[PDB]
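We've got the same protein chain twice here, in two forms, each standing alone as structure tokens: structure 1 and structure 2.
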Structure 1
């Protein structure tokens, strides 16, 4: 039971509830042995000549008292144990989410979304089930079973209990074996059903072609064949699933028969009394359950160990980007500069970038445009602290990025992703990511500056749409408006204007120039109109800037004459 040891921290943190649970469980187990023995004693008194109304009152009252005590203590231990299980589930969920919120892009590249969702959806269930139910079944198998066995061996008989106990180990072994076999056949049948589902989806997605070629009968035939196969697999599963009830019924009826027969052949010898025989029958009836509990434990422990070993591995992943120690005290960023930056995406080809060696002086906006794959979003990816440092130095007016802390830097940078990532939440609140204080009307001012005030009524209601993922050309506008409301010292526009009209494009760019005047502004685009004003324009060829000239030097030298296209 290594899972119970890997969770040592949890049990150490919660030892009062669990010790109370164990104490109450043992007390209930001890108390529950009384009712059947009292029934046996009552029958014995009945048979003999000593039974008066006083004895009947005694038995009725004591039975009621034991019933009430068992009820209350059972409620309390169940509550104290499954509350602990719920607590463990909640703790694991909040730890996993807190860890995910700290993880950088490289981790999410290594880890697929499906694996993380499964770990946060199923493994936590397995570990919580361990913590509660595995403990319950361990107590049942170790204490309840032995308690009942020793009670039947001492109070009732040591020969009858040995004789009537033989079939139950066999029942447990058979249950385990049939569980394994049914699990195997069930995974096979589930594979068959998955194949059928894949076929159904594949023949319902491309329905256009299937209908256009009047093949809607061969499709039906193939679906019928797949259904026949899945039905055959289900029948294979059922052939074994039907062997659970019969085997347990046989091996429990045999136990009852052995007990009754060998007690009738013992009462003849005067080594028992009918009361003790009835007590033995009830004891076997209650002892049935630990046999299933043993298998439940032996299965849950392994499932929990695997799931916990999976939840711990995904949790103990070192942070990709390290917040610096003793961060330098810099109020604001001035003249950005790159000395020699050759970035390389983890698990990439050759370099993917080479020394950029350019400077962006405070307040001077630079626009970068070029070829797809040459890399113009890699510069801002370097600047955003999304991936570990590269080479050389990214000097922020003297102190490199690696020394400025993550919080303050993320405060400076205003980022507008090329791939739009707005969240499924109120537009009025989705735009509000930039600054939570929000005042009241600065959001409206930001909308005006971004020129999203064009949205007067064309969207449902007002500033309440669940951008249900309502479509439109408003996603880029909302992103830019949010980044503008953030009021950043540095604005990074990643291909933001790749969808709006040219007129609105000019409006937005000239507004940013005429509204963000004393601060830097990065314009990334493949259309040479937005970068028109930029005082240092960069065109990247593969991994190196073709030239460092301005607009006039660019348009004169042999770089890329795409503005000669002029797009009109």
Structure 2
């Protein structure tokens, strides 16, 4: 099967466990043919005038021995095979999580979180089930079936077996057909139930409007209609579901009846014996299962093929967008310079960033601003290696970033995303992403630097509570301040503050900006924001309109010209406060 071929790596990795499993499976399958035949032989020895306590003790002992055997060997092959399936589950989990940890934003833009979560929760299950249970069913449909068939043919009869087996193929075919036709209606009924769920959510969220226009009865009417539709679909499914038991019961009773009747017409002709008529019954009883195994196999193989095909598409088909190369030996960044950075944003026909000839010298606090949608955040996304380098050059003292290893560049940049992106961990732990080796005192120092000590004090000191799951006392300004605290803890050479503080008070923003520039003037800093107060003191301010820059002058030079006089506009806001 294709899925088994594609899983060659896993089986080659684990060959001892799976060969032991298969050997024990075959041994148990062959051993299981003895009990019924020993019962038939006991019956025959009963009928013929020869049965002593010796023979009865022999039969009891052999039955117990075979029982204990099959028990232990069953335990061990089941353990090996299903533990191997669990191991495949673990391997796929590790592989998928590692690959995702490697990936970059463009991959997540191309693939929605829904598909990734489905692959990480459904396709892995399908592949593991393939590996274990599909193998079991292949061994049950290829070895148990033929073993039973030929054992009945040789040790019982070759006409009784042919006659008493015709209904089983028909039963298998009917079971497959009913499975397909019930799954179709099940999909329809699940679609109807999903519609019910959507309507209930819509009529329980916007309840204010529903109850303020006294429409809480037509809503009941609609819900009753859709519940009736769900019930009707559920009846249509039942109409085909109820055919599984009647069909198997009929086509197994026919098999038993043919075996018994045509063994009777053979015991009359002396081509069988009662013991052989009892063993045949038992053999058919144990053969009724490979018929289901065939269908389960043909289903799991294809489902696993699809799921593994998707898992490989997410894992291998996707290559890392940005990769490093021969790492130039640069110990720290110098004077970040952009020569002509014409970045063409992926999934965007327009350039979205033309050449930008701006240079930041060590410690030259820069600040950017402009109209919304001016592409003033693409600067840092270029500085962060997130997207492909595109066209241009960003040289850290003559060595393009595309040469510096990703780890070092990530170490230099203290990134503060504009969108609060905290995790559902303790506030203390949330602050320690920048530095995992913090000794719990520099944490307080950085908290003071961000002026978060006062606002953190009111929050209960329950291990600093937790943010992502449910903020005990959380606000946009607090999240911006904690992000700034993380970035400061990172102790970075280049500090990027994208929309540094658009939530905290103006006074608090000014104080934090003064503090950062006080203790990191010697180290570069990037400021993006709409409020020009934050970039008041910066010695290189670029205001970006559209996808280009307007003026490269200082704040005094920027205010001298009126090309973009938003500073004058907010000066009234400065007067407004």
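Numbering follows the first chain given and starts at 1. Heads up, when I say rigid core I mean the largest set of C-alphas that superpose within 1.5 Å between the two forms.
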After rigid core alignment between structure 1 and structure 2, the listed option with CA shift of 2 Å or more out of 455, 89, 140, 489 is 455
By the 2 angstroms cut-off, has the C-alpha of residue 321 moved between structure 1 and structure 2 once the rigid core is superposed? yes
Residue shift check between structure 1 and structure 2, rigid core fit, residue 363 Cα at least 2 Å: no
With a threshold of 2 Å on the C-alpha, tell me if residue 179 counts as moved between structure 1 and structure 2 once the core is superposed. no
Shift in Å of the residue 559 Cα between structure 1 and structure 2 [rigid core superposition]: 2.2
